[PDB]
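Listed next as structure tokens is one chain, alone, in the form deposited in one PDB entry.
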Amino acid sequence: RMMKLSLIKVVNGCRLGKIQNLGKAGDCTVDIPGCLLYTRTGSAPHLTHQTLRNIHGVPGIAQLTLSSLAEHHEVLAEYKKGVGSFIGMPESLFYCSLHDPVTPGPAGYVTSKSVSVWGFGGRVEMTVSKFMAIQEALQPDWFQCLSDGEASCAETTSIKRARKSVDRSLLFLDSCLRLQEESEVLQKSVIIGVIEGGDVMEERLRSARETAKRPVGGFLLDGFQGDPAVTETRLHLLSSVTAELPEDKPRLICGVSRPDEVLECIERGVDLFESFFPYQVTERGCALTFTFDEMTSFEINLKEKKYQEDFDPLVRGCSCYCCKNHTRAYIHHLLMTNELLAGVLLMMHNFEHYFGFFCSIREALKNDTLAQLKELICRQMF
């Protein structure tokens, strides 16, 4: 409950559908497969709430991260009306992840009693009760449960480390559920259970099976993120895990946002992705250009002099604010003259492009043409 996931069809393991009645007011509808708006603190990077509304296709749910907010627990707790109200958008929908995928901290601070996050001012150690107190201050519609995602950070794959991540995460889960039952302000918030177990198949499946026994609203597939992309072994692990999860609850994944990875994960039953990739592209002065009808092959770098006299838009036929009004040469000029407006403009285009890519995925699932889209993406990446 607390949301209604309906599937239109499942083509080659890809789940095409929508999640209805979600959020604290139970009135938002999200399409799947889909992404969440990437933010750190609840406000989109570079973008006023009004400017964000000038981007086409903005997702119905925004991500914010405990990493960046945990230091401000005292202010938000005294304020008590929640993050949405704090930023001047009470009607917004928020999923609160534990970590910022763009800037994760060092490994090795997880114990059976606490998990640490790193914000702008440094490290914050969270017991279960400290973590739930923060959630009571933030009041997100969805929140990732406190979890141990560091089994794969060990030098080798060991049963003991994988087993511990499963058991720690279930202990955290049952404790947070208990504290949520006793909380006036978290009654309409939904906890997301976290699948752990590292690279050990049996512990992965046990984590999936045990987590699904709890009344979580959905599941976060944790620990599959790859450099540069999810490895083939972890894709196999992924579809084994999703096969054990109930079909009527959404599957989220963290740390997976690049278009080729996204498609591999959709094929293996993942529904919802973080959109930090276009933010990373913006931060290095780049624009996403890949067609869907370190810097990657999906993008151009507007700092390069070859764009100083390129009076074409970032993407021809793009209708974002930047491509409606500006050229490559202009954006290059803004970067050269060190005008921060460049970051605003790139963020608008990169979000709009990335969200359009997800719209295109869903159309491909409808038309049963996903395999051609996938080859199109991977031809641009090589």
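Only the largest set of C-alpha atoms that superpose within 1.5 Å between the two forms is called the rigid core. The first residue of the shown sequence is 1; numbering continues from there.
*Asks:* Looking at the other compared entries that model both neighbours, is residue 25 missing coordinates in at least a third of them?
*Replies:* Yes, left without coordinates in at least a third.
*Asks:* What about residue 269, left without coordinates in a third or more of the other entries of this protein that model its neighbours?
*Replies:* Looking at the other entries that model residues on either side of it, residue 269 is present in every one.
*Asks:* Select one of none, 1 to 3, 4 to 9, or 10 or more to describe the deposited residues without coordinates separating residue 293 and residue 294.
*Replies:* Missing in between: 10 or more residues.
*Asks:* Out of 244-252 and 273-281, which stretch has the higher average CA B-factor listed in the record?
*Replies:* Here the higher of the two C-alpha B-factor means belongs to 244-252.
*Asks:* Mean C-alpha B factor from the entry: is it higher for 320-328 or for 23-31?
*Replies:* The recorded data point to 23-31.
*Asks:* Sort 337, 350, 63, 43 by C-alpha B-factor from the entry and give me just the highest.
*Replies:* Across 337, 350, 63, 43, the entry lists the biggest C-alpha B-factor for 337.
*Asks:* Which third, lowest, middle or highest, does the CA B-factor of residue 193 fall in along this chain?
*Replies:* It belongs to the lowest third of the chain when residues are ordered by C-alpha B-factor.
*Asks:* Check where residue 136 lands among this chain's C-alpha B-factors and tell me if it's the lowest, middle or highest third.
*Replies:* Lowest third of the chain for residue 136's C-alpha B-factor.
*Asks:* Looking at the temperature factor on the CA atom of residue 258, which third of the chain's modelled residues does it land in?
*Replies:* Bottom third by C-alpha B-factor.
*Asks:* For residue 81, does the deposited CA B-factor place it in the lowest, middle or highest third of the chain?
*Replies:* For residue 81, whose C-alpha B-factor we compare with every modelled residue in the chain, the answer is the lowest third.
*Asks:* So where's residue 226 on the chain's Cα temperature factor ranking, which third?
*Replies:* Its C-alpha B-factor, which the entry lists for residue 226, ranks in the highest third among residues of this chain.
Note that the form deposited in another entry isn't included here; everything after this is about it.
*Asks:* Which one of 308, 129, 157, 231 is the only residue whose C-alpha moves by 2 Å or more between the shown form and the other one, after superposing on the core?
*Replies:* Once the cores are aligned, the residue moving by 2 Å or more is 157.
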